[PDB]
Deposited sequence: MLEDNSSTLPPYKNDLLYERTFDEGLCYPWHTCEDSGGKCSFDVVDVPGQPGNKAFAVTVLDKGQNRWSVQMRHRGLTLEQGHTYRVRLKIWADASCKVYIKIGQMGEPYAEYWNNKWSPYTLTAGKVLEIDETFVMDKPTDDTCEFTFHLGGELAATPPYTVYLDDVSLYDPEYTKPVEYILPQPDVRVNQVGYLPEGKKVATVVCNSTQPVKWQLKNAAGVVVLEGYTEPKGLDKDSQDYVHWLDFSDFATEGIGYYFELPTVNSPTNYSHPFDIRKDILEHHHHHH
């Protein structure tokens, strides 16, 4: 499920970005680009001092010739004329360096629609830069935009070092992500392929009760391997089911809500595994 249930960002459905938190250990569609001598590598890693939180981590390896020689970006975005966008992120580095952040066209003529008025930011070693601001898309609608961070050339410290990105968001109240319609879902909603052992794992539960409800994780053989109570969130009634510490690989896990008087009181099957 693409929904991230971030407890501090605006609604996922109104975000132009598809990955914001990285807490499940995945970064796609975020990716690097290496150009004109630039080299880098990437991973998703835990953040020291922030338990449960993971960050997109791009290691600069060769600065290359230009600032765009090393990039981390998210493509496929449409900025709409007359709309107001809110830009939020946390970025830091384990070497003092600089970064040029922009939202613009991915190809020629490379129009830039937000770019901190053409100014790079400075990332002092270990010090977090947090951005939270708005801009108006007053140019005509463009469907070739990317949210990108240029790290190369003159912006770069002496490699190697790593730049981290987290809770990155592009919010427009008048935008709703494209949708597929889905069949009525069972009461427990999971990621239908699954989770990495080390990733955050929060399922969504809908049920009649306003109060917490008993849940059991069973393996494929139907044996209970973990139990808890849900955490009620709001309106039937939406609850969260956090099983992040469970890390045991297997195929065909599923939940059941044993006390819930519902013929759909389970989840679909899913896997925990490294793939």
{"item": "Ranges missing from the model, given as deposited sequence positions", "value": "236-240, 281-289"}
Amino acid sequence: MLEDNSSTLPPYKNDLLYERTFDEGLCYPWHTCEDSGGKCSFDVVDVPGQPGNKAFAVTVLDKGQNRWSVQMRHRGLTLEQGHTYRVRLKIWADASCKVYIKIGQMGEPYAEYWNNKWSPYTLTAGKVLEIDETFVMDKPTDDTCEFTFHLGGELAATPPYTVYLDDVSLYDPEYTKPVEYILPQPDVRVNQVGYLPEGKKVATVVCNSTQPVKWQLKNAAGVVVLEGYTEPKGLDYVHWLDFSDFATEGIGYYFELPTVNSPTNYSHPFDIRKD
From here on, numbers count along this sequence of modelled residues.
query: Segment of higher mean CA temperature factor, 40-48 or 204-212; finding: 204-212
query: Greater mean Cα temperature factor according to the PDB record, 127-135 or 95-103; finding: 127-135
query: Member of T141, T84, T144, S119 with the greatest C-alpha B factor (per the PDB record); finding: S119
query: Selection by C-alpha B-factor (highest) of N115, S169, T78, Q192; finding: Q192
query: Cα B factor band for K177 (lowest, middle or highest third within the chain); finding: highest
query: Ranked C-alpha temperature factor of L226 among modelled chain residues, by third; finding: middle
query: Among modelled residues of the same chain, the CA temperature factor third for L235; finding: highest
query: For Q71, the third of its chain into which the C-alpha B factor falls; finding: middle
query: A157, C-alpha B-factor rank within chain (lowest, middle or highest third); finding: middle
